[PDB]
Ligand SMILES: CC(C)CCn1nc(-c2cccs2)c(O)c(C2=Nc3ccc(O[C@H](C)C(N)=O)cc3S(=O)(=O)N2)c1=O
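Only one chain is included here, represented as structure tokens and corresponding to the form deposited without this ligand.
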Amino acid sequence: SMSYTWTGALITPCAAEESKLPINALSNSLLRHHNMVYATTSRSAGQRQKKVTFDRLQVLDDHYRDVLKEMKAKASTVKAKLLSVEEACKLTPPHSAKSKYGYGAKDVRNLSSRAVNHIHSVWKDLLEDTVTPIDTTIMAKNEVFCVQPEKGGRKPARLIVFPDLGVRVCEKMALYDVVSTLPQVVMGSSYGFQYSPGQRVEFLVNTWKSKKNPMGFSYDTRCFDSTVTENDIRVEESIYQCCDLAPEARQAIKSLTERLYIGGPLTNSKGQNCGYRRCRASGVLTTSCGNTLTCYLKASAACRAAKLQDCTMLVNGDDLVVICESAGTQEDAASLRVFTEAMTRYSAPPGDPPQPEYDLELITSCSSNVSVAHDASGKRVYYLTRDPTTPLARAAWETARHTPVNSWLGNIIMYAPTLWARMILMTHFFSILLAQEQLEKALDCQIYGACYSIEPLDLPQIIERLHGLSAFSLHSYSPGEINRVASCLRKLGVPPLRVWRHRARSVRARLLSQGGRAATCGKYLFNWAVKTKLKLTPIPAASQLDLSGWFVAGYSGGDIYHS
């Protein structure tokens, strides 16, 4: 059927949308080529609409059914529980979209009677009615990127489809526990969101080393959300229902699937009807879990079709990477063509053709790749990294304009061991925090789609617990990694190592002179910038964080917040 049908009504904005990086003394010290940085707006929504709108064709086969049966078996061992209205309310992000029924996120988190009355009513209606399509709002995402000359053009805004706040809270009550525990049980080691960056690296390196002639490849589905059929979404629901659930959770899940996950009318911000969706809703609680289950299922069936030898997968939503035994270059190319044909029949056709890689550092999955460096002792240390272009463009934008979510903070946490996060992100942002005397100010940032409120002063313990003390001492980065970063710096017009080290030494001196937590930041985060290094012993505050739950499941588009 058609993934979308349109009435002609436009996907409209709610407020002014900036498309170009504003000229600003602070972002300019980060990078000078501001014209290279842009933010998508609803102006390009039509472009994205044309691309995501197409007819799906899907044929299933024994390999698909066998894998599905095995997935259901694993699911049958999971017991999940309903979330109380209060537990659900606590997960709502402080600035989540407000309801159209006279109440917003502040109200829900406060448990105002009006918010709760409405939550009860929606829940009650989900139980009584399992058929009326639930309304959804469609908006054009406003994300920042850097121009890609090699691509020929810029990216259009991605689209986000989500239900009313009241429905979102009910989604948490019925499915939060399921989407939190089911995926790892059904997909085992292949479930990507269970790993911290360090653990992902460990899994990837051990897997690669376990093959005799290792070959790896990532599979890019053209518009995965749009390729998800009603069949896929119903198959997902049957896997959820395999869990031991409370009668009410079962009905609510059946209802959300029929009335919302399967499809529904699209309404723009002007209140007009834009059309109808028959594919995955990008902004619901089950988007991450569903996407990973479906990608996993089709890919596993596809590995069998292509007869890949001793393959191992790693899936994160629509992101997929397979590592297997190589059978030769011509044979590997052939194997990948069959694999792609299988995925296409399953309604998961490719964007870029998959291509065989024989070097682990060159395989990019989840926009990342493993790389190597050496800690203080000189020993080799594998770590996760990525091309720093989008992180830096976004850091520039967030410096010039106030952002709800601070991707720069999330990036420092996830890519703490990288030379670019240390040289540029830490130095640039601590300088500004020093300037504004905002080191204590908690900021929102996201990790695996969930929102976290984190205090910059706690970065040393977070990074130590997350990456270990080595993150504060890596040096001798790979020539490839260094080339990639230098290339990016000249493309965006970012200052060089000499300038950043000089800046870091100033920032470090100020931090140290302030004492307290600030001093520890100057000491650990900027030890690289001084000739006479201090010695980084284990920070005692590390052992006490509650860093669990951080790498348990994905929640992109799921409206999740964590205290």
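From 1 onward, residues are counted along the sequence shown.
Stretches 486-494 and 82-90 differ in mean C-alpha B factor, with the higher average recorded for 82-90. When the mean C-alpha temperature factors of 288-296 and 395-403 are read from the deposited coordinates, 395-403 comes out higher. The residue among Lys379, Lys74, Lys172, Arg280 whose C-alpha atom has the highest B-factor in the PDB entry is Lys379.
The residue among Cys223, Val235, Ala105, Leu384 whose C-alpha carries the highest B-factor in the deposited model is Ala105. Looking at the C-alpha B-factors along this chain, the one for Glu128 belongs to the highest third. Sort the chain's modelled residues by C-alpha temperature factor and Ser473 lands in the highest third, per the entry. In the PDB entry, a CA B factor belonging to the middle third of its chain's modelled residues is recorded for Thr5. Split the chain's modelled residues into thirds by C-alpha temperature factor. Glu258 is in the middle one. Split the chain's modelled residues into thirds by C-alpha temperature factor. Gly166 is in the lowest one.
This protein has a second form, the form solved in complex with this ligand, left out of what is shown; the following refers to that one.
Within 4.5 Å of some heavy atom of this ligand in the deposited complex lies at least one heavy atom of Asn411.
In the deposited complex, this ligand lies farther than 4.5 Å from every heavy atom of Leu469. Shown alone here, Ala88 lies farther than 4.5 Å from this ligand in the deposited complex, counting heavy atoms only.
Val178 falls outside the set of residues with a heavy atom inside 4.5 Å of this ligand in the deposited complex. Shown alone, this chain has one stretch from 253-261, 436-444, 412-420, 125-133 that lies within 4.5 Å of this ligand in the deposited complex by heavy atoms: 412-420.
Among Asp318, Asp458, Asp332, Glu237, the residue placing a heavy atom within 4.5 Å of this ligand in the deposited complex is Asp318.
Only one of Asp164, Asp225, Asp107, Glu464 comes within 4.5 Å of this ligand in the deposited complex through a heavy atom, and that residue is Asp225.
Shown here without its partner, the chain carries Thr287, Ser368 and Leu384, all of which come within 4.5 Å of this ligand in the deposited complex through at least one heavy atom.
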